[PDB]
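The next block holds one structure in the form of structure tokens; read it before the comments.
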Amino acid sequence: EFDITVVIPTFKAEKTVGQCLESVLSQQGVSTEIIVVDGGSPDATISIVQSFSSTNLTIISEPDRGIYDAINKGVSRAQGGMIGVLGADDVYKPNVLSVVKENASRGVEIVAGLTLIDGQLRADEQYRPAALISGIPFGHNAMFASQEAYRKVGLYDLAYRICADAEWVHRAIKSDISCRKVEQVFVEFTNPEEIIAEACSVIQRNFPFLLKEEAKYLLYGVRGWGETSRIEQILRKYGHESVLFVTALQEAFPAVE
Ligand SMILES: CCCCCCCCO[C@@H]1O[C@@H](C)[C@@H](O)[C@@H](O[C@H]2O[C@H](C)[C@H](O)[C@H](O[C@@H]3O[C@H](CO)[C@@H](O)[C@H](O)[C@H]3O)[C@@H]2OC(C)=O)[C@@H]1O
Ligand SMILES: Nc1nc2c(ncn2[C@@H]2O[C@H](COP(=O)(O)O)[C@@H](O)[C@H]2O)c(=O)[nH]1
């Protein structure tokens, strides 16, 4: 089979899809499959992709219901041991795929790296229960997940048009999926009210006893956006509900007990 499958959802990505594909095809030391899931682009996207005429490239081009619908189609079609998702405006750095393969050959089901955004490292968090009161702990495009991880966790939830990837990683955490974080840049490259609303909803899916405002308080508090003096009240209010919730808060807020 293939060591790696890269799923690349595209729509009107003619400006950058070529650089994206070049960053994948240059990866040495792995057998790689590429699945481009195009949403019906009217521009030169499909032409550019097909200029990469190869058998390890599959092109799907049909209307879909958004980015995560396309991602789900690509993940379902992947035949690589480890599956990555790369956007058409993103690029993998040199040697990332061999690093992924190296770390996966030891049994780990998820390998994630760092993300460079506008010349800055994404402010990642640990893959652990504390992530469940926050967003996605690493950049989604820096994440590689095995076939077994996807089989166990499932596909992305189309109800979350923005933060389905966070919701997926939280399900991974709750399913005890093993993760290895690599301290190397793997990848370089919407209303804010909407992003926050989805992020709070995802957290409520972990802890459904939470009111929306309590999920927002925890998210802002872990992210360093808001105060944390109420954390002990939330813990006393809900600590009886779930040890996983207690673990998340005491990992995220070590000063509290
Ligand atoms: C109301 C005042 C409190 C402070 C507000 C936030 C400060 C500025 O933050 C920026 O705007 C908000 C809306 C977010 O867009 C921030 O992005 C981070 O927080 C998000 C919740 C999200 O976790 C995001 O990571 C990306 O998430 C998407 C969807 O899950 C994912 O596809 C990408 O791969 C992730 O990079 C950001 O998280 C971090 C640690 O950067 C934004 O910074
Ligand atoms: N297949 C598909 N891809 C999309 C859709 N919307 C955005 N994309 C692609 O998903 C990635 C995210 O880019 P964004 O538009 O979120 O900045 C890019 O590769 C973009 O071309 C869509 O509706 N369908």
Side-chain angles (χ1 to χ4, degrees), residues 6-21 23-24 34-46 48-49 59-75 77 84-91 112-118 120-127 130-144 156-158 160-171 185-203 205 213 215-228 252:
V6 186
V7 174
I8 306 176
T10 66
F11 192 68
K12 304 210 273 232
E14 70 177 347
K15 206 201 261 235
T16 64
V17 68
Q19 243 207 331
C20 177
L21 293 166
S23 83
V24 178
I34 304 184
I35 306 179
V36 169
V37 189
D38 180 76
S41 295
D43 66 359
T45 294
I46 296 302
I48 292 164
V49 175
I59 315 187
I60 300 170
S61 190
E62 57 180 16
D64 51 51
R65 298 164 290 181
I67 302 168
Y68 286 110
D69 195 21
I71 291 172
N72 285 350
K73 298 186 196 165
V75 168
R77 308 271 297 254
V85 180
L86 190 69
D89 43 359
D90 306 331
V91 296
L114 301 170
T115 302
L116 187 53
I117 313 177
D118 290 311
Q120 303 194 239
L121 295 182
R122 192 185 177 276
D124 291 341
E125 295 157 52
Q126 292 173 57
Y127 177 98
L132 302 170
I133 59 151
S134 183
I136 195 175
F138 35 66
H140 184 227
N141 305 113
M143 181 187 88
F144 288 82
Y156 295 93
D157 188 330
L158 300 189
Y160 293 104
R161 64 176 303 220
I162 298 169
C163 295
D165 50 10
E167 202 257 2
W168 191 93
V169 172
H170 293 193
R171 284 152 57 203
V185 174
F186 280 10
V187 63
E188 207 199 317
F189 74 88
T190 170
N191 190 310
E193 239 189 330
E194 181 174 29
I195 305 177
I196 299 308
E198 283 206 5
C200 293
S201 167
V202 168
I203 289 163
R205 261 177 99 66
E213 281 305 288
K216 189 179 292 170
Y217 192 86
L218 296 171
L219 167 69
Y220 286 19
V222 64
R223 284 288 173 87
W225 302 342
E227 58 116 20
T228 71

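Whatever order the structure lists ligands and atoms in, that order sets their numbers, starting from 1. Numbers here simply count residues along the sequence, with the first being 1.
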Please table the atom pairs, donor to acceptor, closer than 3.5 Å between any side-chain atom in residues 60-69 and protein atoms at least two apart or in another chain.
{"residue": "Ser61", "atom": "OG", "partner": "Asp38", "partner atom": "OD2", "Å": "2.9"}
{"residue": "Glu62", "atom": "OE2", "partner": "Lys73", "partner atom": "NZ", "Å": "2.8"}
{"residue": "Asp64", "atom": "OD1", "partner": "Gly66", "partner atom": "N", "Å": "3.1"}
{"residue": "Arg65", "atom": "NE", "partner": "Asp69", "partner atom": "OD2", "Å": "3.0"}
{"residue": "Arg65", "atom": "NH2", "partner": "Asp69", "partner atom": "OD1", "Å": "3.0"}
{"residue": "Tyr68", "atom": "OH", "partner": "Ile162", "partner atom": "O", "Å": "2.8"}
{"residue": "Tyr68", "atom": "OH", "partner": "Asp165", "partner atom": "N", "Å": "3.2"}
{"residue": "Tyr68", "atom": "OH", "partner": "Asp165", "partner atom": "OD1", "Å": "3.2"}
{"residue": "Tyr68", "atom": "OH", "partner": "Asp165", "partner atom": "OD2", "Å": "3.2"}
{"residue": "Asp69", "atom": "OD2", "partner": "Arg65", "partner atom": "N", "Å": "2.8"}

(message) Nearest 0.5 Å, please: how far is CD in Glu198 from CG in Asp157?
(response) 9.5 Å
(message) For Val37, which part has a heavy atom under 4.0 Å from ligand 2: side chain, backbone, both, or neither?
(response) backbone
(request) Record the part of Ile8 in heavy-atom contact with ligand 2 below 4.0 Å; permitted values are side chain, backbone, both and neither. (result) neither
(request) Using the test side-chain contact (heavy atoms from CB on, under 4.5 Å), find all partners of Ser134 that sit at least two apart in sequence or belong to another chain. (result) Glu125, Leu219, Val222, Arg223
(request) Please could you name the atoms of ligand 1 that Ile195 approaches to less than 4.0 Å, counting only its heavy atoms? (result) 15 (O)
(message) Tell me the protein heavy atom at minimum distance from atom 1 (C) of ligand 1, and give that distance in Å.
(response) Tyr220 OH, 3.3 Å
(request) Considering non-hydrogen atoms only, spot the tightest contact between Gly39 and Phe11 and give its length. (result) O-CE1, 3.4 Å
(request) Give a yes or no on whether atom 11 (O) of ligand 1 lies under 4.0 Å from any heavy atom of the protein. (result) no
(request) Could you say whether the N/O atoms of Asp165 and ligand 1 ever approach to under 3.5 Å? (result) yes
(request) Identify the protein heavy atom lying closest to atom 13 (C) of ligand 1, giving its residue, its atom name and the separation to 0.1 Å. (result) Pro192 CB, 3.8 Å
(request) Note the single closest protein heavy atom to atom 27 (O) of ligand 1, along with its residue, its atom name and the distance in Å. (result) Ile136 CG2, 4.0 Å
(message) Would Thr10 count as a polar contact of ligand 2, with the cut-off being nitrogen or oxygen pairs under 3.5 Å?
(response) yes
(request) Give the residue and atom name of whichever protein heavy atom lies nearest to atom 9 (O) of ligand 1, and the separation in Å to one decimal. (result) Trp225 CZ2, 4.1 Å
(message) Does the protein come close to atom 6 (C) of ligand 1 - that is, does one of its heavy atoms sit below 4.0 Å from that atom?
(response) yes
(request) Please indicate whether any nitrogen or oxygen in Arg223 is less than 3.5 Å from any nitrogen or oxygen in ligand 1. (result) yes
(request) State whether any protein heavy atom lies less than 4.0 Å from atom 3 (C) of ligand 1. (result) yes
(request) With atom 35 (C) of ligand 1 as the reference point, say which of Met143, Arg122, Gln120, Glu167 has the nearest heavy atom. (result) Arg122
(message) Quick check for you: to the nearest 0.5 Å, what is the distance between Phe138 atom CZ and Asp124 atom CG?
(response) 8.5 Å
(request) Run the numbers for me: atoms of ligand 2, each under 4.0 Å from some heavy atom of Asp89, listed by number. (result) 17 (O)
(request) Could you see which bit of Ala88 sits under 4.0 Å from ligand 2, with heavy atoms only: side chain, backbone, both or neither? (result) both
(request) Give a yes or no on this: more than 12 heavy atoms of other residues, nucleotides or ligands lie within 6.0 Å of atom CD of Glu194. (result) yes
(message) Give me the nearest non-hydrogen protein atom to atom 11 (C) of ligand 2 as residue plus atom name, then the distance to 0.1 Å.
(response) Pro9 O, 3.9 Å
(request) Determine if the distance from atom 23 (O) of ligand 1 to the closest protein heavy atom is below 4.0 Å. (result) yes
(request) Give the residue and atom name of whichever protein heavy atom lies nearest to atom 34 (O) of ligand 1, and the separation in Å to one decimal. (result) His140 N, 3.0 Å
(request) To the nearest 0.5 angstrom, please state how far the CZ atom of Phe186 sits from the CG atom of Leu114. (result) 8.0 Å
(message) Polar contacts were defined as any N/O atom of the residue lying under 3.5 Å from an N/O atom of the ligand; does this apply to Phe11 and ligand 2?
(response) yes
(message) My question is simple, although I want it checked carefully: is atom 17 (O) of ligand 1 less than 4.0 angstrom from any protein heavy atom?
(response) no
(message) Could you check whether any side-chain N or O of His170 sits under 3.5 Å from a backbone N or O of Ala131, counting only pairs where one atom can act as donor and the other as acceptor?
(response) yes
(request) Specify the protein heavy atom at minimum distance from atom 40 (C) of ligand 1: its residue, its atom name, and the distance to 0.1 Å. (result) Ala123 O, 3.2 Å
(request) Identify, for atom 15 (O) of ligand 2, the protein heavy atom at the shortest distance, and state residue, atom and that distance. (result) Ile67 CD1, 4.7 Å
(message) Under 4.0 Å from a heavy atom of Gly39: which atoms of ligand 2 are those, numbered in the order shown and with their elements?
(response) 1 (N)
(message) Protein heavy atoms near atom 42 (C) of ligand 1, is at least one of them under 4.0 angstrom away?
(response) no
(request) Compute whether any side-chain donor of one residue and acceptor of the other, for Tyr220 and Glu227, lie under 3.5 angstrom apart. (result) no
(request) Name the closest protein heavy atom to atom 24 (N) of ligand 2, giving the residue it belongs to and the distance to 0.1 Å. (result) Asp64 OD1, 3.1 Å
(request) Considering the heavy atoms of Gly87, write down every atom of ligand 2 situated less than 4.0 Å from one of them. (result) 19 (O)
